[PDB]
Amino acid sequence: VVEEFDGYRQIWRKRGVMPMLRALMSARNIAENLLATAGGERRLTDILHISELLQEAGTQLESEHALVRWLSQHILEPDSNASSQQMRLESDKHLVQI
Amino acid sequence: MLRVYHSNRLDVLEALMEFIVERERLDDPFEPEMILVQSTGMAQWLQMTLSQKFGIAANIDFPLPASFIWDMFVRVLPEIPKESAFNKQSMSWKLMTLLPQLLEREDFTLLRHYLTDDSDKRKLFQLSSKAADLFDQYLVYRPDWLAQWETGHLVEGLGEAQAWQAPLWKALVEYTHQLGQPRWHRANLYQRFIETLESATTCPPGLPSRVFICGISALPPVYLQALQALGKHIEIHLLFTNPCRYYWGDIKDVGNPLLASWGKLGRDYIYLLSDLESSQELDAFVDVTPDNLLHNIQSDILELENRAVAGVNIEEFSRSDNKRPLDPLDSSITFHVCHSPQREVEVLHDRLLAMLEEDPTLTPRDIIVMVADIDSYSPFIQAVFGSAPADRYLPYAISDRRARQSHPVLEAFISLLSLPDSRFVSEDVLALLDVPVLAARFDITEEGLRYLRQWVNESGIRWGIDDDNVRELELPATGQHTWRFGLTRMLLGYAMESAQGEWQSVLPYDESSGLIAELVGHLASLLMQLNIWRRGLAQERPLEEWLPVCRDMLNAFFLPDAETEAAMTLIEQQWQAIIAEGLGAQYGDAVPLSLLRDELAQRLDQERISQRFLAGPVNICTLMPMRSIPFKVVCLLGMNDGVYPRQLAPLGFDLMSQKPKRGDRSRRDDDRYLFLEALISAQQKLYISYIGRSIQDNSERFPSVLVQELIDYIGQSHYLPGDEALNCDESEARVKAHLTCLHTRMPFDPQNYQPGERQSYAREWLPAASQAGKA
Amino acid sequence: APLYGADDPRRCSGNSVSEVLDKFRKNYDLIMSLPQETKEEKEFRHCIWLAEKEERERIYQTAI
Amino acid sequence: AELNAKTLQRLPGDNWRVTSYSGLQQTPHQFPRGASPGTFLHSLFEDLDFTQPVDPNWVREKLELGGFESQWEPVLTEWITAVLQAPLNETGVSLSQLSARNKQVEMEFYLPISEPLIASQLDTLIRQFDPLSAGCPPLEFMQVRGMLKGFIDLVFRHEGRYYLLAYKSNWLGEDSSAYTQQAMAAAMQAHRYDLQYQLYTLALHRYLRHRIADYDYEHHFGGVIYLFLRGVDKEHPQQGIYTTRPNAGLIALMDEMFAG
Amino acid sequence: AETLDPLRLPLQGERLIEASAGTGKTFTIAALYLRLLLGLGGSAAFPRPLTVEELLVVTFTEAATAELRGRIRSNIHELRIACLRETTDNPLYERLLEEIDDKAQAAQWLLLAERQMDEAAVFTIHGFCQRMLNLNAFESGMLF
Ligand SMILES: Nc1ncnc2c1ncn2[C@@H]1O[C@H](COP(=O)(O)OP(=O)(O)NP(=O)(O)O)[C@@H](O)[C@H]1O
Ligand SMILES: [Mg+2]
């Protein structure tokens with residue numbers, strides 16, 4: 001596990017943010033298990049949205065630690081008014097619209 | 001003689017240039033070849049092609065039309081300065097001085113109401129900049145107006161704002177005569193330059209043998225007149241990419257709707273070219289065989305014929321045989337509807353992989369991807385093209401992205417310039433300490449920052465560097481929760497244990513007690529500096545006094561390194577250039593720091609890096625005018641209604657937009673013509689994508705009007721096999737629905753993995769789509 | 001390609017790029033030596049080409 | 001239903017690329033050194049007029065731009081003259097003797113490489129025709145097909161014979177003996193400037209063959225001149241300058257290799 | 001209070017149109033937009049025909065603004081097709097064609113409108129204020 005995380009760190013340094021998370025989800029089969037688990041679809045959608053936001057925030061931030069610092073800061077004070085931070089639709093299927 | 005070369009494609013013009021260069025050789029070897037281009041990518045492509053053909057391309061100058069015409073001014077007429085006195089940069093600072101002296105005038109009464117409430121000359125500077133831009137545009141496109149304004153008369157039948165614009169320009173000229181600067185500017189110089197060569201018995205010395213104008217499809221009428229006057233002595237070869245074979249400028253609406261709508265930029269240009277008296281033109285076109293949908297549309301555009309059927313007659317509206325058969329397997333033109341830009345790029349990657357697999361001859365360099373705004377799609381493009389596996393890896397290079405060489409140093413310096421206005425929040429100062437250069441300057445290690453975070457937090461530092469800063473904001477002096485308070489507290493805690501008690505109504509901070517407290521001594525060294533400068537930058541200073549400010553601040557606050565030296569040099573160069581323009585304009589009055597800071601902020605990010613346009617990998621870049629290069633695969637992203645075309649409305653008091661003439665340029669028409677250039681340049685495949693439904697709200701978006709007209713023309717000009725019995729409208733809707741592809745919202749949707757042409761290439765989401773995982 | 005002006009060495013219209021390049025290459029000196037065309041002649045040639053295109057379109061529409 | 005993703009039969013190729021010599025490779029003595037000082041020293045000659053004596057005010061303004069000490073201004077001017085008046089290869093050309101018509105500064109060239117350029121298949125020829133390459137270990141780089149870029153410092157013609165001049169501001173040593181012929185050759189071998197000037201000569205030969213009607217290599221070419229700014233001293237004519245002429249056979253075989 | 005007929009509604013000065021829910025208030029906007037573009041109604045018509053860029057529409061929400069822009073685009077397209085074909089399957093377009101004098105010039109104007117629909121002046125109150133401040137910063141006295 002330490003070795004795979006060290007390789008993930010190398011991928012993170014080289015190819016950016018999204019490649020590391022993608023390789024992690026592929027190797028750990030996170031998406032498959034979440035889709036299998038009841039309700040995990042919303043979880044996977046939120047994870048993907050968080051990954052996209054982390055990529056957008058790491059593009060501007062050159063330091064690797066700065067992205068973690070920014071993520072912790074945003075977790076401390078979530079901005080509800082932000083349109084980007086709005087939660088996306090759960091599924092494209094038929095949903096009761098409240 | 002001025003020879004105009006017409007060709008539907010660029011490669012023909014380029015080969016003609018090749019043959020002309022090879023046939024007639026330059027006598028002197030060191031004489032540089034002249035090729036006019038308005039874009040760097042066009043020049044780079046020309047160089048790469050000429051080197052590939054001849055064996056090497058060198059000593060080929062690529063100046064802009066304006067700079068070239070100014071160079072010709074310098075050589076043909078004597079007593080002309082190297083650089084024009086009237087430029088966009090200097091007129092701003094000159095009008096900044098001239099406007100306060102003219103507020104007493106009645107004609108400027110409205111301007112008075114504008115300049116009444118300004119405190120730090122913000123409105124004055126912005127108005128001067130806008131007026132300088134307007135005057136430059138007038139110089140370029142409207143010399144008669146300036147010629148009339150200099151004498152003091154008014155132009156009949158013009159805009160209302162002329163009343164306040166005509167005298168100012170006059171008051172400018174006289175002003176630049178008092179300082180002693182050269183009177184000559186291009187507007188008055190045009191007629192004399194034309195007359196000197198018109199009556200010249202022989203060719204003047206120093207002129208180049210021949211000139212080339214390649215890739216420029218838009219020129220002002222005055223430049224064309226100057227080139228016509230210059231064509232007598234020296235030959236000029238204009239390579240003009242013409243989308244239509246026949247005469248399509250002011251046809252004696254154009255015949256083709258897709259050309260009439262998007263051809264406003266080229267109609268005026270071809271009408272000007274036709275109006276040249278001493279021009280000899282030969283047509284070198286290439287016919288296109290209508291074997292594909294894209295080739296069919298290109299042939300319709302080239303032949304200036306209309307293929308869509310309106311259906312006015314009942315017999316015409318009933319049968320669908322009037323349209324052209326469309327092959328179902330054909331995929332030359334394909335429209336794609338996605339949900340998010342991430343999904344859009346992820347689908348574009350798979351489509352590019354499919355196109356590469358389908359055709360062995362295709363190469364990544366041939367493919368090009370153009371987006372409305374490259375900065376909005378840069379993270380998604382980069383992540384999608386980086387996450388691809390090694391066997392699936394596609395090389396990419398992104399062009400026209402904002403030039404960001406060292407962002408933290410730039411932002412730290414910009415924030416340091418705002419010192420007098422800053423409240424010195426603890427988080428803000430820690431953000432300045434984030435930069436490793438500013439910390440190395442005060443030998444603050446990265447491990448020490450973990451300690452200084454909790455120290456600042458627990459000690460109680462909230463805002464304010466000292467009590468004087470608190471009193472300066474007209475707030476009651478408290479004496480606590482300031483940087484001085486926290487520093488004194490930490491020092492007392494290093495000196496005296498907190499168990500003893502208060503000494504000066506300040507509880508010592510026990511945490512900083514050992515050798516680590518030396519960090520405090522370094523931190524207290526920073527703030528003191530932050531104090532000194534925050535007092536030095538308050539007072540307004542003349543321009544010559546602002547010269548050593550930037551260098552002193554950099555060498556005081558920053559300790560350079562191998563990487564940061566470049567950014568520091570760029571900052572110094574921009575600062576020195578701004579102050580040099582100011583001093584050349586002889587601005588006497590004092591200038592506040594808030595003006596130079598906000599000017600440097602605008603000047604630093606205006607840079608762009610397009611050096612990797614044709615590096616070899618697939619090209620990612622925005623749509624830039626005057627850059628038309630043929631490519632096999634041409635993809636277009638971000639075509640949502642409102643994003644493209646990009647709308648930049650005029651200032652509102654410009655006189656050109658009131659009574660427009662032929663040759664006037666507008667960003668709207670520029671984008672409308674770039675969309676046509678993208679269509680014509682596509683040789684094999686055209687890909688167009690746009691966001692249909694918002695991923696967040698599941699709402700409905702719309703595509704650009706251009707894509708709408710394109711799909712309308714397609715649906716009205718073609719019919720699928722087996723739909724002959726159907727009427728025009730049903731067959732049109734069927735074709736439009738067959739070509740428009742609606743992709744899924746999520747990558748793990750199993751529809752993506754069903755066998756077909758829409759089948760994806762990413763196997764990572766295959767087990768998820770198959771629903772084979774365990775809970 | 002328009003029928004009018006086919007004999008003129010200036011015109012290089014062809015079916016492929018290579019044919020156009022050869023057509024231009026063979027008659028380069030002839031093109032250069034020819035004097036410049038008058039404005040009236042250029043307008044006349046453009047009008048003739050437009051009329052030819054119009055007549056072609058009319059004949060096609062009659063064929064429908 | 002059954003789901004299967006597609007596979008790629010043909011792998012896309014990254015062979016096509018555009019690279020430079022850097023990509024393939026991968027008192028004045030006490031003057032500060034670095035990337036920025038070197039670029040400043042080069043920009044000085046970029047806009048310097050050789051046919052006129054140096055002006056103290058211009059040097060002072062350039063030192064203000066660079067940010068160096070004004071104390072260098074009295075000396076640097078003299079040093080610049082030492083560069084302008086220093087003699088050259090046996091023709092005895094002085095830099096001040098070059099007029100604005102017989103000079104070309106910072107010429108950018110593009111050279112196509114059609115077949116993939118292998119280090120092994122080139123190093124053998126370079127070692128065969130150049131002893132400096134024989135002294136060094138074999139070239140090592142990956143296959144490259146595409147374009148080659150480069151910026152030539154100066155090209156000038158004298159007596160109807162052309163030359164190539166390349167400025168170098170590397171601090172070879174602290175003493176003048178470190179700027180001798182053997183030491184300069186050792187530095188060339190260490191920084192692999194041999195391949196650099198070879199490619200420069202290939203580019204120049206192709207450009208002259210293209211431009212000059214009835215061109216001949218032996219007749220019109222004059223050799224290669226590396227100018228070490230700090231090495232230039234009025235006392236010793238040899239220290240600071242280096243002159244080398246590539247073999248015509250090497251140039252011809254290199255041209256044929258790069259063509260096909 | 002009088003019943004409303006979109007074709008006979010005079011467009012001069014201020015006019016108030018009040019009705020209950022689901023009565024087609026938003027739907028009449030398209031008919032009035034077409035009338036303004038074509039300049040129909042005789043006495044009740046505007047004195048001169050107008051362009052897309054001169055008609056202002058103010059909506060409450062952004063989504064409704066986009067919906068109205070799309071629907072106006074679609075109505076312009078359908079009316080242009082009807083004018084080209086001189087026949088239509090909708091009663092409103094049928095009455096319009098009955099009111100139109102010359103259909104070729106009307107179709108040309110509708111084509112120009114379709115081509116300028118990208119610049120349609122349909123905004124919200126806050127967006128209208130922002131755009132008027134930006135376009136006229138000189139008169140309003142704000143920054144550029
Ligand atoms: N004259 C008409 N002919 C046909 N359908 C109509 C007509 N007027 C309105 N409709 C339809 O009526 C429905 C609602 O119309 P709408 O314009 O939203 O009314 P409304 O006054 O805006 N309701 P509200 O927005 O809640 O105040 C839509 O489906 C329209 O197509
Ligand atoms: Mg409504």
# chains A, B, ... in the order shown; residues from 1 in each chain; ligands from 1
call {"tool": "interface_residues", "arguments": {"of": "chain B", "to": "chain C", "cutoff": "8 Å", "atoms": "only C-alpha atoms", "output": "PyMOL selection string"}}
result
chain B and resi 12+15-16+19+246-247+252+275-288+305+322
call {"tool": "interface_residues", "arguments": {"of": "chain A", "to": "chain B", "cutoff": "10 Å", "atoms": "only C-alpha atoms", "output": "ChimeraX atom specification"}}
result
/A:11,14-23,25-27,29-38,40,45,48,52-53,55-63,66,83-84,86-92
call {"tool": "residues_near_ligand", "arguments": {"ligand": "ligand 1", "cutoff": "10 Å", "atoms": "only C-alpha atoms and all ligand atoms", "output": "PyMOL selection string"}}
result
chain E and resi 5-6+18-31+64+90-92
call {"tool": "write_last_selection", "arguments": {"atoms": "C-alpha atoms", "output": "PDB file, in the first residue's frame"}}
result
ATOM      1  CA  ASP E   5     -55.892  41.092 -29.622  1.00  0.00           C
ATOM      2  CA  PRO E   6     -52.137  41.069 -30.372  1.00  0.00           C
ATOM      3  CA  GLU E  18     -53.030  42.369 -17.042  1.00  0.00           C
ATOM      4  CA  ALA E  19     -54.469  38.854 -17.044  1.00  0.00           C
ATOM      5  CA  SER E  20     -54.747  35.773 -14.855  1.00  0.00           C
ATOM      6  CA  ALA E  21     -52.265  32.897 -14.783  1.00  0.00           C
ATOM      7  CA  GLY E  22     -51.781  30.608 -17.771  1.00  0.00           C
ATOM      8  CA  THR E  23     -53.510  33.149 -20.010  1.00  0.00           C
ATOM      9  CA  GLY E  24     -50.564  33.483 -22.400  1.00  0.00           C
ATOM     10  CA  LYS E  25     -48.867  36.660 -21.172  1.00  0.00           C
ATOM     11  CA  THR E  26     -45.391  35.428 -22.125  1.00  0.00           C
ATOM     12  CA  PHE E  27     -46.780  33.971 -25.362  1.00  0.00           C
ATOM     13  CA  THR E  28     -47.944  37.411 -26.536  1.00  0.00           C
ATOM     14  CA  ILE E  29     -44.356  38.693 -26.293  1.00  0.00           C
ATOM     15  CA  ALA E  30     -43.397  36.720 -29.410  1.00  0.00           C
ATOM     16  CA  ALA E  31     -46.340  38.085 -31.407  1.00  0.00           C
ATOM     17  CA  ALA E  64     -36.894  32.677 -18.688  1.00  0.00           C
ATOM     18  CA  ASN E  90     -50.822  28.056 -37.560  1.00  0.00           C
ATOM     19  CA  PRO E  91     -53.686  30.557 -37.137  1.00  0.00           C
ATOM     20  CA  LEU E  92     -51.470  33.338 -35.771  1.00  0.00           C
TER      21      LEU E  92
END
call {"tool": "residues_around", "arguments": {"residues": "residue 317 in chain B", "least_positions_apart": "6", "cutoff": "10 Å", "atoms": "only C-alpha atoms", "output": "PyMOL selection string"}}
result
(chain B and resi 309-311+726-729) or (chain E and resi 85)
call {"tool": "select_by_dssp", "arguments": {"residues": "chain E", "states": "helix (DSSP H, G or I)", "output": "compact mmCIF listing (two decimals) with C-alpha atoms, in the first residue's frame"}}
result
# COMPACT_ATOMS: atom_id res chain seq x y z
CA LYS E 25 -48.87 36.66 -21.17
CA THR E 26 -45.39 35.43 -22.12
CA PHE E 27 -46.78 33.97 -25.36
CA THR E 28 -47.94 37.41 -26.54
CA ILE E 29 -44.36 38.69 -26.29
CA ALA E 30 -43.40 36.72 -29.41
CA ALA E 31 -46.34 38.09 -31.41
CA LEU E 32 -45.53 41.65 -30.35
CA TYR E 33 -41.85 41.09 -31.22
CA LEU E 34 -42.82 39.90 -34.71
CA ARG E 35 -45.18 42.86 -35.14
CA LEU E 36 -42.38 45.26 -34.17
CA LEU E 37 -39.89 43.60 -36.52
CA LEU E 38 -42.33 43.72 -39.45
CA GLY E 42 -51.58 50.05 -39.80
CA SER E 43 -52.74 52.79 -37.43
CA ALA E 44 -51.90 50.58 -34.44
CA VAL E 52 -33.62 43.33 -33.39
CA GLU E 53 -30.98 45.48 -31.69
CA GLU E 54 -33.52 48.26 -31.00
CA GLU E 62 -32.14 34.25 -16.59
CA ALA E 63 -33.72 30.92 -17.55
CA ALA E 64 -36.89 32.68 -18.69
CA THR E 65 -34.71 35.11 -20.66
CA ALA E 66 -32.99 32.25 -22.51
CA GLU E 67 -36.32 30.49 -23.09
CA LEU E 68 -37.82 33.68 -24.53
CA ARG E 69 -34.79 34.28 -26.75
CA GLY E 70 -34.99 30.73 -28.11
CA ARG E 71 -38.74 30.93 -28.64
CA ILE E 72 -38.42 34.28 -30.45
CA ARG E 73 -35.70 32.77 -32.66
CA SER E 74 -37.97 29.82 -33.46
CA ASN E 75 -40.95 32.09 -34.18
CA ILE E 76 -38.84 34.27 -36.49
CA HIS E 77 -37.66 31.17 -38.35
CA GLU E 78 -41.20 29.80 -38.70
CA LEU E 79 -42.58 33.16 -39.84
CA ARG E 80 -39.80 33.48 -42.42
CA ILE E 81 -40.55 29.98 -43.73
CA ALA E 82 -44.26 30.84 -43.87
CA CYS E 83 -43.56 34.06 -45.78
CA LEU E 84 -41.39 32.12 -48.22
CA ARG E 85 -44.13 29.50 -48.68
CA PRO E 91 -53.69 30.56 -37.14
CA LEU E 92 -51.47 33.34 -35.77
CA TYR E 93 -49.02 33.09 -38.67
CA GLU E 94 -52.01 32.85 -41.02
CA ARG E 95 -53.41 36.15 -39.71
CA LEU E 96 -49.92 37.68 -39.95
CA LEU E 97 -49.59 36.64 -43.61
CA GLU E 98 -53.08 38.05 -44.20
CA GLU E 99 -51.86 41.34 -42.71
CA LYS E 103 -43.94 38.90 -48.40
CA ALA E 104 -40.54 39.05 -50.15
CA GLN E 105 -39.36 42.17 -48.31
CA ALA E 106 -40.84 40.79 -45.09
CA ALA E 107 -38.90 37.54 -45.58
CA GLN E 108 -35.71 39.52 -46.22
CA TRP E 109 -36.22 41.52 -43.01
CA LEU E 110 -36.89 38.28 -41.12
CA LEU E 111 -33.68 36.81 -42.56
CA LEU E 112 -31.72 39.84 -41.32
CA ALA E 113 -33.40 39.45 -37.93
CA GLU E 114 -32.49 35.75 -37.83
CA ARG E 115 -28.88 36.63 -38.61
CA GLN E 116 -28.79 39.33 -35.89
CA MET E 117 -30.62 37.19 -33.30
CA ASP E 118 -27.26 36.68 -31.57
CA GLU E 119 -27.42 40.36 -30.55
CA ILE E 125 -33.35 44.13 -14.80
CA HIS E 126 -29.91 43.80 -13.18
CA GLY E 127 -28.28 42.83 -16.47
CA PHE E 128 -29.97 45.73 -18.24
CA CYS E 129 -28.70 48.14 -15.59
CA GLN E 130 -25.17 46.71 -15.77
CA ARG E 131 -25.07 46.87 -19.58
CA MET E 132 -26.42 50.43 -19.65
CA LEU E 133 -23.82 51.48 -17.09
CA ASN E 134 -21.00 49.84 -19.05
CA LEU E 135 -22.08 51.17 -22.46
CA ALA E 137 -20.04 54.93 -18.25
CA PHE E 138 -19.19 58.40 -19.58
CA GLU E 139 -22.68 59.81 -19.03
CA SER E 140 -23.40 57.86 -15.83
call {"tool": "residues_around", "arguments": {"residues": "range 190-195 of chain D", "least_positions_apart": "5", "cutoff": "12 Å", "atoms": "only C-alpha atoms", "output": "PyMOL selection string"}}
result
chain D and resi 20-22+24-26+119+122-123+125-127+129-140+166-168+170+172+183-185+200-202+224-226+242-246+250-251+254
call {"tool": "write_last_selection", "arguments": {"atoms": "N, CA and C atoms", "output": "compact mmCIF listing (two decimals), in the first residue's frame"}}
result
# COMPACT_ATOMS: atom_id res chain seq x y z
N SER D 20 15.85 22.28 -30.89
CA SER D 20 17.03 23.10 -31.11
C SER D 20 18.28 22.32 -30.72
N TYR D 21 19.44 22.99 -30.76
CA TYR D 21 20.68 22.36 -30.34
C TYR D 21 20.65 22.01 -28.86
N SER D 22 19.99 22.84 -28.05
CA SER D 22 19.89 22.56 -26.62
C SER D 22 19.10 21.28 -26.37
N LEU D 24 18.84 18.68 -28.44
CA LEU D 24 19.67 17.55 -28.85
C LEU D 24 20.76 17.27 -27.82
N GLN D 25 21.42 18.31 -27.32
CA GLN D 25 22.47 18.16 -26.33
C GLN D 25 21.89 17.73 -24.98
N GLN D 26 21.02 18.57 -24.42
CA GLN D 26 20.38 18.30 -23.13
C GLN D 26 21.40 18.02 -22.03
N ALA D 119 21.72 8.98 -33.17
CA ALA D 119 22.99 9.43 -32.60
C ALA D 119 24.15 8.57 -33.09
N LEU D 122 25.43 9.19 -36.77
CA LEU D 122 26.02 10.50 -37.00
C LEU D 122 27.35 10.67 -36.27
N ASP D 123 27.40 10.25 -35.00
CA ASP D 123 28.61 10.31 -34.19
C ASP D 123 29.79 9.63 -34.87
N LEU D 125 30.42 9.39 -38.17
CA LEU D 125 30.94 10.31 -39.18
C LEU D 125 31.64 11.50 -38.54
N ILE D 126 31.04 12.07 -37.50
CA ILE D 126 31.62 13.25 -36.86
C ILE D 126 32.98 12.91 -36.25
N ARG D 127 33.10 11.73 -35.64
CA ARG D 127 34.38 11.28 -35.11
C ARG D 127 35.38 11.01 -36.23
N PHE D 129 35.59 12.57 -39.14
CA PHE D 129 36.05 13.80 -39.76
C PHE D 129 36.48 14.88 -38.77
N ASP D 130 36.23 14.70 -37.47
CA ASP D 130 36.62 15.69 -36.47
C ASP D 130 37.36 15.01 -35.33
N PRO D 131 38.55 15.49 -34.96
CA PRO D 131 39.26 14.89 -33.82
C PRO D 131 38.63 15.23 -32.48
N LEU D 132 38.01 16.41 -32.37
CA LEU D 132 37.35 16.79 -31.13
C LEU D 132 36.25 15.79 -30.76
N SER D 133 35.50 15.32 -31.76
CA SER D 133 34.50 14.29 -31.51
C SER D 133 35.15 12.97 -31.12
N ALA D 134 36.29 12.65 -31.73
CA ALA D 134 37.00 11.42 -31.38
C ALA D 134 37.45 11.44 -29.93
N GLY D 135 37.82 12.61 -29.42
CA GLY D 135 38.21 12.71 -28.02
C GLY D 135 37.05 12.45 -27.07
N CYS D 136 35.85 12.89 -27.44
CA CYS D 136 34.69 12.83 -26.56
C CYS D 136 33.99 11.48 -26.67
N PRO D 137 33.14 11.12 -25.71
CA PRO D 137 32.33 9.90 -25.85
C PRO D 137 31.25 10.08 -26.90
N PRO D 138 30.66 8.97 -27.39
CA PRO D 138 29.66 9.07 -28.46
C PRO D 138 28.39 9.81 -28.07
N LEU D 139 27.82 10.54 -29.02
CA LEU D 139 26.59 11.29 -28.80
C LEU D 139 25.45 10.35 -28.40
N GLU D 140 24.59 10.83 -27.50
CA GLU D 140 23.45 10.06 -27.01
C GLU D 140 22.21 10.94 -27.04
N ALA D 166 30.15 33.30 -33.41
CA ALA D 166 29.30 32.90 -32.30
C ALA D 166 29.89 33.43 -31.00
N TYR D 167 29.09 34.20 -30.27
CA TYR D 167 29.54 34.77 -29.00
C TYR D 167 29.34 33.76 -27.87
N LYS D 168 30.33 33.68 -26.98
CA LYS D 168 30.24 32.82 -25.81
C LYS D 168 30.77 33.58 -24.61
N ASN D 170 30.91 32.17 -21.42
CA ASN D 170 31.16 31.22 -20.34
C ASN D 170 32.46 31.54 -19.63
N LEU D 172 35.37 30.35 -18.43
CA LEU D 172 36.24 29.17 -18.50
C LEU D 172 37.15 29.09 -17.28
N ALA D 183 43.01 25.11 -23.98
CA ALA D 183 41.93 25.26 -23.01
C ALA D 183 40.60 25.55 -23.70
N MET D 184 40.62 26.38 -24.75
CA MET D 184 39.39 26.66 -25.49
C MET D 184 38.88 25.41 -26.19
N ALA D 185 39.79 24.60 -26.75
CA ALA D 185 39.38 23.35 -27.37
C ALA D 185 38.80 22.38 -26.34
N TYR D 200 25.39 24.68 -37.46
CA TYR D 200 25.41 26.06 -37.95
C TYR D 200 26.03 26.14 -39.34
N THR D 201 27.13 25.41 -39.56
CA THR D 201 27.78 25.42 -40.86
C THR D 201 26.91 24.75 -41.92
N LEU D 202 26.22 23.67 -41.57
CA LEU D 202 25.31 23.04 -42.52
C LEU D 202 24.21 24.01 -42.93
N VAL D 224 34.66 29.09 -39.11
CA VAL D 224 33.84 29.33 -37.92
C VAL D 224 34.70 30.01 -36.88
N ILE D 225 34.11 30.98 -36.18
CA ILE D 225 34.83 31.80 -35.21
C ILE D 225 34.00 31.86 -33.94
N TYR D 226 34.50 31.27 -32.87
CA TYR D 226 33.92 31.40 -31.54
C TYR D 226 34.65 32.51 -30.81
N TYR D 242 38.64 31.74 -31.31
CA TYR D 242 38.89 30.39 -31.77
C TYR D 242 38.36 30.26 -33.19
N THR D 243 39.14 29.61 -34.06
CA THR D 243 38.80 29.50 -35.47
C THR D 243 38.93 28.05 -35.90
N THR D 244 37.91 27.55 -36.60
CA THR D 244 37.90 26.16 -37.04
C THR D 244 37.08 26.04 -38.32
N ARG D 245 37.60 25.28 -39.29
CA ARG D 245 36.92 25.09 -40.56
C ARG D 245 36.48 23.64 -40.70
N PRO D 246 35.19 23.37 -40.86
CA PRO D 246 34.74 21.98 -41.05
C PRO D 246 35.14 21.45 -42.41
N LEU D 250 32.73 16.21 -44.75
CA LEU D 250 31.80 16.11 -43.63
C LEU D 250 30.51 16.88 -43.93
N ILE D 251 30.63 18.09 -44.48
CA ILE D 251 29.45 18.89 -44.78
C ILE D 251 28.59 18.21 -45.83
N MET D 254 26.94 15.09 -44.36
CA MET D 254 25.92 15.51 -43.41
C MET D 254 24.67 16.01 -44.13
call {"tool": "residues_around", "arguments": {"residues": "residue 723 in chain B", "least_positions_apart": "2", "cutoff": "10 Å", "atoms": "only C-alpha atoms", "output": "compact mmCIF listing (two decimals) with N, CA and C atoms, in the first residue's frame"}}
result
# COMPACT_ATOMS: atom_id res chain seq x y z
N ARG B 319 -41.99 16.15 -52.96
CA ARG B 319 -40.89 15.23 -53.20
C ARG B 319 -39.60 15.74 -52.57
N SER B 320 -38.79 14.80 -52.07
CA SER B 320 -37.51 15.12 -51.46
C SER B 320 -36.33 14.78 -52.36
N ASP B 321 -36.58 14.40 -53.61
CA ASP B 321 -35.50 14.04 -54.52
C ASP B 321 -34.67 15.25 -54.94
N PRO B 325 -28.27 13.17 -52.05
CA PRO B 325 -28.19 11.98 -51.20
C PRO B 325 -27.05 12.10 -50.20
N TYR B 719 -30.61 14.78 -48.03
CA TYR B 719 -31.64 13.84 -47.61
C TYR B 719 -31.02 12.46 -47.45
N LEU B 720 -31.46 11.73 -46.43
CA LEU B 720 -30.98 10.38 -46.20
C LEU B 720 -31.63 9.40 -47.17
N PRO B 721 -30.97 8.28 -47.47
CA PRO B 721 -31.57 7.28 -48.35
C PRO B 721 -32.81 6.66 -47.74
N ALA B 725 -39.82 9.60 -50.32
CA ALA B 725 -41.26 9.81 -50.26
C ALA B 725 -41.62 10.93 -49.29
N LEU B 726 -40.85 11.08 -48.22
CA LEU B 726 -41.13 12.10 -47.22
C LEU B 726 -40.98 13.50 -47.82
N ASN B 727 -41.64 14.46 -47.19
CA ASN B 727 -41.58 15.85 -47.64
C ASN B 727 -40.26 16.49 -47.19
N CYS B 728 -40.10 17.77 -47.55
CA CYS B 728 -38.86 18.47 -47.24
C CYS B 728 -38.64 18.60 -45.74
N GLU B 730 -39.88 16.89 -43.05
CA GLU B 730 -39.61 15.65 -42.33
C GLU B 730 -38.22 15.12 -42.64
N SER B 731 -37.82 15.16 -43.91
CA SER B 731 -36.47 14.74 -44.27
C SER B 731 -35.40 15.64 -43.67
N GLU B 732 -35.66 16.94 -43.58
CA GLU B 732 -34.72 17.86 -42.96
C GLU B 732 -34.55 17.55 -41.48
N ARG B 734 -35.15 14.73 -40.03
CA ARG B 734 -34.53 13.42 -39.89
C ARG B 734 -33.02 13.51 -40.08
N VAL B 735 -32.57 14.25 -41.09
CA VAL B 735 -31.14 14.44 -41.31
C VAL B 735 -30.51 15.14 -40.11
